[PDB]
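Only one chain is given next, in structure tokens, and it is the form deposited in one PDB entry.
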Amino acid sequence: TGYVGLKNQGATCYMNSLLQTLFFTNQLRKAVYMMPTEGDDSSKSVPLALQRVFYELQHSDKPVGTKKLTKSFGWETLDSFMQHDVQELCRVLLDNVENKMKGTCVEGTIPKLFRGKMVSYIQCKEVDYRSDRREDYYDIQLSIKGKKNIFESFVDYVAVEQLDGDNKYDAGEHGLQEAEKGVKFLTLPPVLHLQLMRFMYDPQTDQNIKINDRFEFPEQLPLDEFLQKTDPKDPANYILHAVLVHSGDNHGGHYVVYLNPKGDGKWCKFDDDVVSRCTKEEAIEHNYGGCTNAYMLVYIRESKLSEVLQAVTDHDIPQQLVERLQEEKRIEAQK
């Protein structure tokens, strides 16, 4: 393959799976290396630690380690990774890096890549009163129960809820009323983070548990029909890039990720230290379920494919950074 793996070294769960995903968002990687971490303290800077990981993924022949990363954002209780979502890990990592980038030439890279926008409304039937709230989003949480596929999940997301007797809306001055409540998308970002909601509250044991039901997702995903307005020059057509996968339960469980890093439909399986070529069927259909299946999808917008996935060379890494890491790697010859 010529791609390199991440070491296990503990109970970091989905951590390795996320990290490869971000690394092969090439546009992000380049802007990460541009951060001015020249002054930052080795041990406690998250920005520096991410730089180090990306460097090693890019240069090393040998499986790559992450203790200094884990240490830097400080998840070291017995239940740290067990009690958190993937998207919480994502938000910790990308929010540290966004802040470090302000006042530089690469400020605003994170929002450019990940942030879209959305409108939640309540509208009264008989009386003139409406409430619109506008929100930004970096990811989307999709419902899987009772749903054949991504199209069904989207239809459900933009569904008009109905407010009737006993469930009427309190419209303030106007008192209780009958209303429609809904959600629309105004924009979908270049890189689309979708979590499938597979960890759900069990009323029978007062806990949350994993649904292994069937759920289909396509290689190519048109979403124009879920937009309030379309643009014929940039249709919302997306390409699949990453499939984050899990098998088992709390007794025994394993995290892996499938990528086609160049966007060309040539897939590889990343399993900690071992990376290997695989088929398209192994990345996509063998992860539908219906036990090894998908909990997170990454899609990239067709018109943005080449920019997001632009090539990287060793010249894209500044000298000052390289020299700092050559120093650490010299001290790391203690056998």
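Residue positions are given as counts along the sequence shown, with the first one as 1. Heads up, when I say rigid core I mean the largest set of C-alphas that superpose within 1.5 Å between the two forms.
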Looking at the other compared entries that model residues on both sides of it, is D202 unmodelled in at least a third of them? yes
Gap between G290 and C291, counted in deposited residues with no coordinates, falls in the class 4 to 9
Mean Cα B factor from the PDB record: higher for 263-271, or higher for 40-48? 40-48
Avg C-alpha B-factor, entry values, 15-23 vs 322-330, higher side is 322-330
Top residue by Cα temperature factor, when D170, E219, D128, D156 are compared in the entry: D128
Of the residues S72, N99, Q141, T109, the one carrying the largest Cα B-factor as recorded: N99
Can you work out whether the C-alpha temperature factor of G116 puts it in the lowest, middle or highest third of the chain? lowest
Among the chain's modelled residues, which third holds the C-alpha B-factor of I211? middle
Assert third(CA B-factor, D61) within chain per record equals highest
What third of its chain, lowest, middle or highest, does the C-alpha temperature factor of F199 fall into? highest
CA B-factor ranking of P190, expressed as a third of its chain: lowest
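Keep in mind that the form deposited in another entry is not shown, yet the notes after this line are about it.
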Which listed residue (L227, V106, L163, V256) has a Cα shift of at least 2 Å between the shown form and the other one, rigid core superposed? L163
